[PDB]
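Residue numbers (the entry's author numbering), protein chains in the order written: chain J, 216 to 446, 450 to 467; chain A, 672 to 723; chain T, 184 to 503; chain R, 222 to 244; chain O, 15 to 163, 183 to 304. All residues carry an ideal CB built from backbone N, CA and C; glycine is no exception. Before any comments, here is the structure.
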RNA sequence: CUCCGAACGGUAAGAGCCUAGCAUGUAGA
RNA sequence: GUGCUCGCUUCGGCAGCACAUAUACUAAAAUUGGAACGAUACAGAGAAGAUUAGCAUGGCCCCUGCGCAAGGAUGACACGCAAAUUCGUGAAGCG
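This is the structure in structure tokens:
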């Protein structure tokens, strides 16, 4: 132990250092040194290694992930938070970073800081999958108003009728048929005559069918097909079949 | 630049210009398109132009 | 998603010059629309009358490609720069080199003369740029930091005075006097070769394989992403009426309007007789002073000259 | 040690299909 | 360009006059450690005193925060050997020329990216005070130092005369620090007992104002205490503490400093 | 008839051994 | 130290006022330690060298030279780094 392990330590320390010395390149030897010294649980030494490799190449996400995960394993919550904020400040588009970070927020339990990080993140308008991870988070707690406000900003940042339709399905799932009828009405209002297409109005016919307003279903279907672009062949046929379903059912 | 190194120089400038231009446009071989191999093919195309 | 884009009459090819024996790498216009200067990889430097399209003069300066030239509007000076590691200045009454600013380490790539402070700013594949005293062969600053060949510079009076775009895919704005980096932009993915400054909108655009981007001065506020001309872009030139020109690497020349970013023309040019199509390409552009006609130096030893289309109306050419 | 690295305000990649992966 | 518009020097290098006239010469000389051209300050440390200058790169003044014109710790007035050894800090500033100059310019970049008031690096992280450092400290202004180097000149056989500035800074062979370190090793401190089972603290000189209440109130900081027996007969207080590590901490802590109601009560091992 | 040339492009090879003109002007006690 | 108070008020002293604003590697240095193509002496073109190319990268450096002349003289084991399937793992998402 006392000196025979110190020998081992000097040896392999110098081996790692000599390897990354000759190379200065690939962080294979870097990371293996990080794990060598985390197995020696010399956390400050392994962190110094981490920062040295950060200087070598500040652009490795798996390097930053090794850093963060080591911090999570050795419980240095504040330092893990430091690392996390540094990364996400430097690479706003690496969503692995925001994902695992707000995951960390959930692990520590601070749903407040989870909200804040998700907020800073939505500023980069990341993507539908990001808003949807946001909404699944917000729905692990009820927070219905926060839910629909997420949906409202989301379907405007990514103004896609399909996103709006996910909004409408969430509205129905949470039984806000009032706001959901308003969802579809406002959706056709915004999408306007210029570019609107089939799925939205088939969806409106189907929602109103579930509301059992067949007369309004039909005024919707026909008035919409007349007001907007109509025809081509497969679209007309499928729409007519869905209208038959709306009538019968 | 002096008449000695004119050839070696211009060559350097040409090879590097090739590197910049294509091996920044053509990639989506993103890792490295084996540029070094595309430059081997450059040299061979030359050789064959010289030998008809 | 935009107000209806304005209507600019298209452009038609009318006059073609073929006098060089190599690629035509750069081309500039004289202050008074009487003649234009061409610098080629044939190592010549050729002055041409702008009206008669006739070669007024040729001068054998360099040792290798002339990669860029620029004519002085405050003097009868003409500054050349080439991959011979050297930059020269010509008097154009006696047609001769008068001073040569040594100093770079590799191929100059481009340069510009500051409109009021009498300095040059030259960018070089040696990962730097420099600021030259006009007369005394004095370089006040090595504007440094790009991790690779500073693929171009443009300079202007207002802050910031120096924009340089590079193969590091970055763009950098510099304070001239402290000669220090002020601001960076790093939006681009693939290297960025062409930067152009609007004349009256305090803005500027940068081109790369991805697509053009637009920015607002002095800070670097992104504005409006311009896409469509998906080819390695080599020069951007902007006109009085907001017509913006992207010459691509592979001959495909694309036109848009600066305001809405509306790509309203694609011209796809025809090569000379003997040149294989694979040798097609555009390497530089410039509107005349009066901005009626347009010069483009192509990668097949030719200089093509386009003219505003007179027979164009809103019905001959609608906007969509 | 130069100035700090500014955040890479960048786009995401759209990965290489088999088509262009061989093309 | 190393440029200081302020001097990094304690009052000791500053001088006694509250009004000091100081001139600065930018890049007037390279750093003896960094070889970096830095602003050198010239000012008269007094009438009949040596008109001195600041000679180090702000890198060198900042990292080890030695008063640049005193080369003394601006907080401790102490040489680098005594300071680092008291904070157990083995400062491995590399000895080689390349490493020395480059690392000094690097700690200078780190100083410029730090607030410049607290040191950039590891030594600026061990602000854990040393009692032996308090013992070695000289809190008085050594203005006689400010005089020039008409007296019997420095004797060559006294190992202090030949002044080794470079090693005395870089952490080797400081003669005055060695002498004062011999002094602070022979300074009074509480030696631990060979008899391990007694947590037996004696307080000699506790006086008539200290009762067992205030005595245990002071004893609380180091650990559990079992029993107290005060004798106004000997002005003494014999405390049996419950824990050995507690008694060791209490001994080292209250040895030669503990002043309960103004007077230093002798914390001694029991008999 | 009074128009006056300068340099470079060079003097060795070494052995053992001998001696020298310089330089700096050092904070803490 | 200059000059002044219808200064105490004599011309002796004290005061008050107006100014006149801070030298200076202050050391006689204390100390600190080296080399010549020099003298002699020797000795004698010591072949061993065809080492079968040059120019680069390149920051590999020093000398002469006023040199963005010119000119000297130098470093090569400059490599193995592996695009790439195969399963396994975890994470996310959909049902």
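- Rounded to whole angstroms, the gap between the alpha carbons of residue 256/O and residue 28/O is 44 Å.
- By the neighbour-count criterion, in which 16 or more other beta carbons inside 10 Å mark a residue as buried, residue 315/T falls on the buried side.
- Taking all protein chains shown into account, residue 487/T has 16 or more neighbouring C-beta atoms within 10 Å of its C-beta and is therefore buried.
- Nearest C-alpha to residue 61/O among 266/O, 157/O, 188/O, 144/O: 157/O.
- Sequence-distant partners of residue 82/O (beyond 5 residues in either direction) whose C-beta falls short of 8 Å from its own C-beta, in its chain, are 21, 22, 23, 27, 68, 69, 70, 74, 75.
- In the structure shown, the three-state DSSP call for residue 296/J is helix.
- With a cut-off of 8 Å on Cβ pairs, the region 212-223 of chain O is not in contact with the region 253-272 of chain O, counting fewer than three such pairs.
- Excluding residues up to 5 positions away in sequence, 231, 233, 234, 235, 271 lie with their Cβ nearer than 8 Å to the Cβ of residue 303/O in the same chain.
- Beta-bridge pairing by DSSP links residue 271/T to 263/T, 283/T.
- The three-state secondary structure of residue 35/O, taken from DSSP, is coil.
- When secondary structure is reduced to three states using DSSP, residue 237/R falls in the coil class, being assigned neither helix nor strand.
- About 6 Å separates the beta carbons of residue 332/T and residue 310/T, which is inside the 8 Å limit, making them a contact pair.
- Identification of chain R residues near residue 374/J by a Cβ-Cβ cut-off of 9 Å yields none; the smallest Cβ-Cβ distance measures about 19 Å.
- In the three-state DSSP reduction, residue 194/T falls in the strand class (E or B).
- The Cβ of residue 233/R sits closer than 8 Å to at least one Cβ of chain J.
- Residue 408/T has its alpha-carbon roughly 40 Å from the corresponding atom of residue 237/T.
- Put simply, the CB of residue 273/J is near chain R, with a gap under 8 Å to one of its CB atoms.
- Assignment of residue 122/O by DSSP, reduced to helix, strand and coil, places it in the helix class.
- At least one beta carbon of chain R lies nearer than 8 Å to the beta carbon of residue 304/J.
- Inter-residue distance for residue 701/A and residue 237/R is about 9 Å (C-alpha atoms, whole angstroms).
- Excluding five sequence positions before and after residue 445/J, the CB atoms of its chain that fall closer than 8 Å to its own CB belong to 454, given in chain order.
- For the region 225-248 of chain T, the set of positions with a beta-carbon nearer than 9 Å to some beta-carbon of chain A reads 246, 247, 248 in chain order.
- Residue pairing by DSSP puts residue 426/T in a beta bridge opposite 440/T.
- Remark: C-beta atoms of residue 326/T and residue 354/T do not approach each other more closely than 8 Å.
- Counted as a single uninterrupted DSSP element, the beta strand (DSSP E) harbouring residue 364/T occupies residues 363-368.
- For the pair residue 344/J and residue 373/J, the Cα-to-Cα distance works out to about 11 Å.
- Residue range 249-254 is occupied by the beta strand (DSSP E) that includes residue 249/T.
- For the 8 Å CB-CB criterion, residue 356/T and residue 293/T do not form a contact.
- By the criterion of a C-beta distance shorter than 6 Å, residue 232/T is surrounded in its chain by 218, 239, once the five residues flanking it on both sides are discounted.
- Going by DSSP, residue 158/O is part of the alpha helix (DSSP H) stretching over 157-160.
- By the C-beta density criterion, residue 251/T is buried, having at least 16 other C-beta atoms within 10 angstroms.
- For residue 229/R, the neighbours in chain T by C-beta distance under 7 Å run, in chain order, 369.
- Within its own chain, the residues whose Cβ lies closer than 8 Å to the Cβ of residue 383/J, once the five positions on either side in sequence are excluded, are 395, 398, 399, 402, 418, 422, listed in chain order.
- Contact residues of the region 294-319 of chain J toward chain R are 304, 305, 306, 307, 308 (C-beta to C-beta distance below 7 Å).
- Residue 333/J sits buried, since 16 or more C-beta atoms from the chains shown fall within 10 Å of its C-beta.
- Here residue 397/T is bridged, per DSSP, to 388/T.
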